[PDB]
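Structure file upload.txt; described as compact mmCIF, C-alpha atoms and all ligand atoms.
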# COMPACT_ATOMS: atom_id res chain seq x y z
CA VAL E 1 0.00 0.00 0.00
CA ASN E 2 1.35 3.42 -1.04
CA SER E 3 0.22 7.06 -0.95
CA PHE E 4 -0.61 7.62 -4.63
CA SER E 5 -4.21 8.78 -4.96
CA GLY E 6 -6.76 8.96 -7.76
CA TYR E 7 -4.92 6.82 -10.30
CA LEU E 8 -6.71 4.69 -12.88
CA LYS E 9 -5.40 1.12 -13.04
CA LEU E 10 -4.32 0.08 -16.54
CA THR E 11 -2.65 -3.30 -15.88
CA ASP E 12 -1.33 -5.35 -12.98
CA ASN E 13 1.54 -2.88 -12.53
CA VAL E 14 0.76 0.32 -14.51
CA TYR E 15 -1.41 3.18 -13.20
CA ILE E 16 -2.21 6.57 -14.74
CA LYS E 17 -3.53 10.00 -13.75
CA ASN E 18 -4.16 13.35 -15.46
CA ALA E 19 -1.70 15.35 -13.38
CA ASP E 20 1.51 17.38 -13.30
CA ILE E 21 4.37 15.10 -12.21
CA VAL E 22 5.81 18.04 -10.26
CA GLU E 23 2.65 18.36 -8.15
CA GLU E 24 2.43 14.58 -7.70
CA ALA E 25 6.03 14.50 -6.47
CA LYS E 26 5.55 17.33 -3.97
CA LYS E 27 2.41 15.69 -2.59
CA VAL E 28 3.62 12.08 -2.52
CA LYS E 29 7.40 12.51 -2.11
CA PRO E 30 7.99 9.12 -3.78
CA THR E 31 11.16 7.08 -3.57
CA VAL E 32 11.84 7.57 -7.31
CA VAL E 33 10.61 10.28 -9.66
CA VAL E 34 11.54 9.83 -13.33
CA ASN E 35 12.80 12.80 -15.33
CA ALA E 36 12.36 12.91 -19.12
CA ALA E 37 15.97 13.94 -19.65
CA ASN E 38 18.28 14.61 -22.58
CA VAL E 39 21.80 13.19 -22.84
CA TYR E 40 23.36 16.42 -21.52
CA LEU E 41 21.02 16.67 -18.51
CA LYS E 42 20.13 20.20 -19.63
CA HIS E 43 16.75 20.66 -17.96
CA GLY E 44 15.13 23.37 -20.04
CA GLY E 45 11.43 22.69 -20.48
CA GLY E 46 8.64 20.17 -20.18
CA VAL E 47 9.06 17.63 -17.41
CA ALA E 48 12.76 18.36 -16.95
CA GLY E 49 12.48 22.14 -16.85
CA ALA E 50 9.50 21.91 -14.50
CA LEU E 51 11.17 19.45 -12.10
CA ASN E 52 14.35 21.49 -12.07
CA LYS E 53 12.48 24.74 -11.38
CA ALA E 54 10.75 23.07 -8.43
CA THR E 55 14.20 22.23 -6.99
CA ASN E 56 15.28 25.89 -7.24
CA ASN E 57 17.90 24.80 -9.88
CA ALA E 58 19.60 22.34 -7.49
CA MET E 59 18.83 19.53 -9.95
CA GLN E 60 20.71 21.40 -12.70
CA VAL E 61 23.71 22.13 -10.44
CA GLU E 62 23.97 18.45 -9.49
CA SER E 63 23.48 17.40 -13.12
CA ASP E 64 26.26 19.67 -14.39
CA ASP E 65 28.68 18.06 -11.93
CA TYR E 66 27.50 14.60 -13.08
CA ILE E 67 28.18 15.44 -16.73
CA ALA E 68 31.56 17.04 -15.97
CA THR E 69 32.63 13.77 -14.34
CA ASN E 70 30.92 11.14 -16.50
CA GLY E 71 30.07 12.69 -19.86
CA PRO E 72 26.69 12.49 -21.55
CA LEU E 73 24.18 9.70 -21.14
CA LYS E 74 23.26 7.38 -24.00
CA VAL E 75 19.93 7.71 -25.76
CA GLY E 76 17.92 4.96 -24.07
CA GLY E 77 20.08 5.25 -20.94
CA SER E 78 19.68 6.66 -17.45
CA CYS E 79 21.37 7.73 -14.25
CA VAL E 80 20.22 7.94 -10.64
CA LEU E 81 20.71 11.31 -8.94
CA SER E 82 19.12 13.04 -5.95
CA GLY E 83 15.40 13.76 -5.86
CA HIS E 84 16.09 16.97 -3.90
CA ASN E 85 12.87 18.27 -2.29
CA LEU E 86 10.65 16.20 -4.62
CA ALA E 87 11.62 12.56 -4.03
CA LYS E 88 14.39 10.47 -2.53
CA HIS E 89 15.93 9.83 -5.96
CA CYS E 90 15.49 11.10 -9.50
CA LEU E 91 15.96 8.57 -12.30
CA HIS E 92 16.96 10.65 -15.34
CA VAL E 93 15.90 8.64 -18.41
CA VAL E 94 16.63 9.59 -22.04
CA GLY E 95 14.07 8.52 -24.61
CA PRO E 96 14.79 8.92 -28.32
CA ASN E 97 14.12 12.29 -29.90
CA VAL E 98 12.18 11.26 -33.00
CA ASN E 99 12.39 14.84 -34.28
CA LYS E 100 16.21 14.44 -34.30
CA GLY E 101 16.05 11.17 -36.26
CA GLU E 102 16.75 8.98 -33.23
CA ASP E 103 15.54 5.37 -33.43
CA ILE E 104 12.09 4.85 -31.91
CA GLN E 105 13.22 1.35 -30.90
CA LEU E 106 15.30 3.10 -28.24
CA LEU E 107 12.07 3.95 -26.41
CA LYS E 108 11.87 0.34 -25.23
CA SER E 109 15.46 0.54 -23.97
CA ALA E 110 14.56 3.76 -22.14
CA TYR E 111 11.62 2.14 -20.33
CA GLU E 112 13.78 -0.88 -19.39
CA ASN E 113 15.58 1.39 -16.92
CA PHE E 114 12.37 1.52 -14.87
CA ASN E 115 12.71 -2.20 -14.05
CA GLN E 116 15.63 -1.45 -11.72
CA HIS E 117 13.22 0.25 -9.27
CA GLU E 118 10.30 -1.33 -7.43
CA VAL E 119 8.02 1.74 -7.52
CA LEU E 120 8.27 4.89 -9.66
CA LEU E 121 6.37 8.10 -10.30
CA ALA E 122 7.01 8.79 -13.98
CA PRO E 123 5.98 10.79 -17.04
CA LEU E 124 5.27 9.34 -20.45
CA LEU E 125 8.61 9.20 -22.29
CA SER E 126 9.59 10.76 -25.64
CA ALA E 127 6.53 13.00 -25.90
CA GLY E 128 6.58 16.78 -26.22
CA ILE E 129 9.62 18.05 -28.09
CA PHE E 130 10.87 14.48 -28.64
CA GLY E 131 7.87 13.96 -30.91
CA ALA E 132 7.02 10.28 -30.41
CA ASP E 133 3.44 9.05 -30.71
CA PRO E 134 2.03 9.05 -27.14
CA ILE E 135 -0.24 6.04 -27.71
CA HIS E 136 2.81 4.09 -28.88
CA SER E 137 4.84 5.25 -25.88
CA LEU E 138 2.15 4.02 -23.50
CA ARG E 139 2.01 0.65 -25.26
CA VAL E 140 5.79 0.39 -24.94
CA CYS E 141 5.60 1.29 -21.25
CA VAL E 142 2.94 -1.33 -20.51
CA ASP E 143 4.77 -3.97 -22.56
CA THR E 144 8.23 -3.22 -21.07
CA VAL E 145 7.94 -2.10 -17.44
CA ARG E 146 7.31 -4.90 -14.92
CA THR E 147 7.74 -2.87 -11.72
CA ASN E 148 5.01 -0.62 -10.32
CA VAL E 149 4.77 2.60 -12.33
CA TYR E 150 2.49 5.55 -11.63
CA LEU E 151 2.21 7.68 -14.76
CA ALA E 152 1.39 11.38 -14.43
CA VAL E 153 0.22 12.84 -17.75
CA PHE E 154 -0.01 16.62 -17.89
CA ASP E 155 -2.32 17.30 -20.81
CA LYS E 156 -5.99 16.71 -20.01
CA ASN E 157 -6.79 16.12 -23.68
CA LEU E 158 -3.83 13.73 -23.88
CA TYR E 159 -4.96 11.84 -20.77
CA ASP E 160 -8.56 11.52 -21.94
CA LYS E 161 -7.27 10.21 -25.27
CA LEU E 162 -4.94 7.65 -23.67
CA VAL E 163 -7.41 6.14 -21.17
CA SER E 164 -10.13 5.81 -23.83
CA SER E 165 -7.88 3.74 -26.13
CA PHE E 166 -7.26 0.00 -26.39
CA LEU E 167 -3.56 -0.72 -25.86
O1 LIG Q 1 3.78 12.69 -19.10
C1 LIG Q 1 4.45 13.44 -20.16
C2 LIG Q 1 3.70 14.89 -20.49
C3 LIG Q 1 3.69 15.30 -22.01
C4 LIG Q 1 3.82 16.86 -22.09
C5 LIG Q 1 4.40 17.31 -23.48
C6 LIG Q 1 3.20 17.49 -24.46
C7 LIG Q 1 1.93 17.57 -23.59
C8 LIG Q 1 2.47 17.64 -22.14
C9 LIG Q 1 4.67 17.15 -20.80
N1 LIG Q 1 4.39 16.08 -19.80
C10 LIG Q 1 4.26 16.23 -18.44
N2 LIG Q 1 3.73 15.17 -17.74
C11 LIG Q 1 3.55 15.23 -16.39
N3 LIG Q 1 3.90 16.27 -15.66
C12 LIG Q 1 4.43 17.32 -16.32
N4 LIG Q 1 4.86 18.48 -15.76
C13 LIG Q 1 5.36 19.34 -16.68
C14 LIG Q 1 5.28 18.72 -17.93
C15 LIG Q 1 4.67 17.40 -17.71
Now that the file is in, can you turn its structure into structure tokens?
Ligand SMILES: OC[C@@H]1CC2(CCCC2)CN1c1ncnc2[nH]ccc12
Amino acid sequence: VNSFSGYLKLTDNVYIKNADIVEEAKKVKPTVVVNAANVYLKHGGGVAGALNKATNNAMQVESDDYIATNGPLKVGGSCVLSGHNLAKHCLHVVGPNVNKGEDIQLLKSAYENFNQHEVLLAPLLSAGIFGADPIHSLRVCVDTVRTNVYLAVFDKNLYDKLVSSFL
């Protein structure tokens, strides 16, 4: 039993809500919040910019030190950093940017990172500026993640569309 509230159950292990992941994190303070990152951990907009703003830029400061030491992430890859005031940990996950010609097959690799954590609060990956089909991303999530994932989807029209569709 956990403290997530108002989620619609999609499968044994996947749940979804029309919500801002930032607000869900502040309310729930989960063990792991997932960031929809880029390989440089430059948190400008969308999920990443919003999470970073909520940490008063501490996420960006920590991320810049990570990159200076380790170099960029791989598309499809991830790293675990602090969750700051939002969660214990933040799992920064890079989905493919379809608008940059990156292989959509890497979306499955991106979601595989979630399986290293028993419970996660997460966004849908590769949407927004990355330009992947959100219905496809949800199907990949459901067909790839085996651990317990709570998906917070910002756009009301997007949420209504996703929960009224057969995956
Ligand atoms: O789940 C992925 C969705 C998809 C969006 C890009 C196009 C429509 C919206 C951004 N995003 C978010 N989801 C949950 N919390 C969020 N907080 C700030 C952004 C955000």
Determine, for each residue of chain E having at least one atom at most 9 Å from an atom of ligand LIG 1 (chain Q), the closest pair of atoms and their separation in Å to one decimal, counting only C-alpha atoms and all ligand atoms; order by chain and ascending number, as JSON lines.
{"residue": "E:18", "atom": "CA", "partner": "Q:LIG1", "partner_atom": "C11", "distance": 8.0}
{"residue": "E:19", "atom": "CA", "partner": "Q:LIG1", "partner_atom": "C11", "distance": 6.1}
{"residue": "E:20", "atom": "CA", "partner": "Q:LIG1", "partner_atom": "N3", "distance": 3.5}
{"residue": "E:21", "atom": "CA", "partner": "Q:LIG1", "partner_atom": "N3", "distance": 3.7}
{"residue": "E:22", "atom": "CA", "partner": "Q:LIG1", "partner_atom": "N4", "distance": 5.6}
{"residue": "E:23", "atom": "CA", "partner": "Q:LIG1", "partner_atom": "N3", "distance": 7.9}
{"residue": "E:24", "atom": "CA", "partner": "Q:LIG1", "partner_atom": "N3", "distance": 8.3}
{"residue": "E:36", "atom": "CA", "partner": "Q:LIG1", "partner_atom": "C1", "distance": 8.0}
{"residue": "E:45", "atom": "CA", "partner": "Q:LIG1", "partner_atom": "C14", "distance": 7.8}
{"residue": "E:46", "atom": "CA", "partner": "Q:LIG1", "partner_atom": "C14", "distance": 4.3}
{"residue": "E:47", "atom": "CA", "partner": "Q:LIG1", "partner_atom": "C14", "distance": 4.0}
{"residue": "E:48", "atom": "CA", "partner": "Q:LIG1", "partner_atom": "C13", "distance": 7.5}
{"residue": "E:49", "atom": "CA", "partner": "Q:LIG1", "partner_atom": "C13", "distance": 7.7}
{"residue": "E:50", "atom": "CA", "partner": "Q:LIG1", "partner_atom": "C13", "distance": 5.3}
{"residue": "E:51", "atom": "CA", "partner": "Q:LIG1", "partner_atom": "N4", "distance": 7.4}
{"residue": "E:122", "atom": "CA", "partner": "Q:LIG1", "partner_atom": "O1", "distance": 7.2}
{"residue": "E:123", "atom": "CA", "partner": "Q:LIG1", "partner_atom": "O1", "distance": 3.6}
{"residue": "E:124", "atom": "CA", "partner": "Q:LIG1", "partner_atom": "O1", "distance": 3.9}
{"residue": "E:125", "atom": "CA", "partner": "Q:LIG1", "partner_atom": "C1", "distance": 6.3}
{"residue": "E:126", "atom": "CA", "partner": "Q:LIG1", "partner_atom": "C1", "distance": 8.0}
{"residue": "E:127", "atom": "CA", "partner": "Q:LIG1", "partner_atom": "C3", "distance": 5.3}
{"residue": "E:128", "atom": "CA", "partner": "Q:LIG1", "partner_atom": "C5", "distance": 3.5}
{"residue": "E:129", "atom": "CA", "partner": "Q:LIG1", "partner_atom": "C5", "distance": 7.0}
{"residue": "E:130", "atom": "CA", "partner": "Q:LIG1", "partner_atom": "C5", "distance": 8.7}
{"residue": "E:131", "atom": "CA", "partner": "Q:LIG1", "partner_atom": "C6", "distance": 8.7}
{"residue": "E:134", "atom": "CA", "partner": "Q:LIG1", "partner_atom": "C3", "distance": 8.3}
{"residue": "E:151", "atom": "CA", "partner": "Q:LIG1", "partner_atom": "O1", "distance": 6.8}
{"residue": "E:152", "atom": "CA", "partner": "Q:LIG1", "partner_atom": "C11", "distance": 4.8}
{"residue": "E:153", "atom": "CA", "partner": "Q:LIG1", "partner_atom": "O1", "distance": 3.8}
{"residue": "E:154", "atom": "CA", "partner": "Q:LIG1", "partner_atom": "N2", "distance": 4.0}
{"residue": "E:155", "atom": "CA", "partner": "Q:LIG1", "partner_atom": "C8", "distance": 5.0}
{"residue": "E:156", "atom": "CA", "partner": "Q:LIG1", "partner_atom": "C7", "distance": 8.7}
{"residue": "E:157", "atom": "CA", "partner": "Q:LIG1", "partner_atom": "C7", "distance": 8.8}
{"residue": "E:158", "atom": "CA", "partner": "Q:LIG1", "partner_atom": "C7", "distance": 6.9}
{"residue": "E:159", "atom": "CA", "partner": "Q:LIG1", "partner_atom": "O1", "distance": 8.9}
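Distances from E:93, E:39, E:54, E:149 to residue 67 in chain E were compared using all atoms listed in the file, and the smallest one belongs to E:39.
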Query raised in the report: Taking all atoms listed in the file into account, which of E:136, E:120, E:73, E:104 comes nearest residue 87 in chain E?
Result: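 Smallest separation from residue 87 in chain E among the options: E:120.
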Report task. Identify which of the residues E:98, E:163, E:90, E:138 lies closest to residue 30 in chain E, counting only C-alpha atoms when measuring atom-to-atom distances. Result ->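 Counting only C-alpha atoms, the residue closest to residue 30 in chain E is E:90.
One distance worth recording is that between CA of residue 5 in chain E and CA of residue 107 in chain E, which is 27.4 Å.
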Using all atoms listed in the file, which residues sit within 12 Å of residue 32 in chain E once same-chain residues fewer than 2 positions away are excluded, as a short mmCIF file (atom, residue, chain, number, x, y, z; two decimals) with C-alpha atoms, in the coordinates of the input?
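Dumped everything to out.cif:
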data_model
loop_
_atom_site.label_atom_id
_atom_site.label_comp_id
_atom_site.auth_asym_id
_atom_site.auth_seq_id
_atom_site.Cartn_x
_atom_site.Cartn_y
_atom_site.Cartn_z
CA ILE E 21 4.37 15.10 -12.21
CA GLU E 24 2.43 14.58 -7.70
CA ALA E 25 6.03 14.50 -6.47
CA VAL E 28 3.62 12.08 -2.52
CA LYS E 29 7.40 12.51 -2.11
CA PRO E 30 7.99 9.12 -3.78
CA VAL E 34 11.54 9.83 -13.33
CA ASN E 35 12.80 12.80 -15.33
CA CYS E 79 21.37 7.73 -14.25
CA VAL E 80 20.22 7.94 -10.64
CA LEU E 81 20.71 11.31 -8.94
CA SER E 82 19.12 13.04 -5.95
CA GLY E 83 15.40 13.76 -5.86
CA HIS E 84 16.09 16.97 -3.90
CA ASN E 85 12.87 18.27 -2.29
CA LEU E 86 10.65 16.20 -4.62
CA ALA E 87 11.62 12.56 -4.03
CA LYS E 88 14.39 10.47 -2.53
CA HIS E 89 15.93 9.83 -5.96
CA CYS E 90 15.49 11.10 -9.50
CA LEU E 91 15.96 8.57 -12.30
CA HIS E 92 16.96 10.65 -15.34
CA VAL E 93 15.90 8.64 -18.41
CA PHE E 114 12.37 1.52 -14.87
CA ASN E 115 12.71 -2.20 -14.05
CA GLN E 116 15.63 -1.45 -11.72
CA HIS E 117 13.22 0.25 -9.27
CA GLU E 118 10.30 -1.33 -7.43
CA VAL E 119 8.02 1.74 -7.52
CA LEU E 120 8.27 4.89 -9.66
CA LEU E 121 6.37 8.10 -10.30
CA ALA E 122 7.01 8.79 -13.98
CA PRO E 123 5.98 10.79 -17.04
CA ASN E 148 5.01 -0.62 -10.32
CA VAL E 149 4.77 2.60 -12.33
CA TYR E 150 2.49 5.55 -11.63
#
Query raised in the report: Could you state the separation of CA of residue 40 in chain E and CA of residue 105 in chain E in Å, given to one decimal place?
Result: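 CA of residue 40 in chain E sits 20.4 Å away from CA of residue 105 in chain E.
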Query - Pairwise distance for CA of residue 141 in chain E and CA of residue 37 in chain E, rounded to one decimal in Å - result: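 Interatomic distance, CA of residue 141 in chain E to CA of residue 37 in chain E: 16.4 Å.
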**Report entry** Among the residues E:103, E:66, E:13, E:4, the one that comes closest to residue 143 in chain E [using all atoms listed in the file]
**Finding:**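 Smallest distance to residue 143 in chain E is found for E:13.
With all atoms listed in the file as the atoms that count, the residue of E:71, E:11, E:41, E:135 with the shortest distance to residue 94 in chain E is E:41.
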**Report entry** Best match for closeness to residue 132 in chain E among E:146, E:100, E:161, E:17, counting only C-alpha atoms
**Finding:**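 Under the stated criterion, the closest residue is E:100.
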3 Å per side around range 29-38 of chain E: axis-aligned box centre and edge lengths, as lines of an AutoDock Vina configuration file:
center_x = 12.8
center_y = 10.8
center_z = -12.3
size_x = 16.9
size_y = 13.5
size_z = 26.5
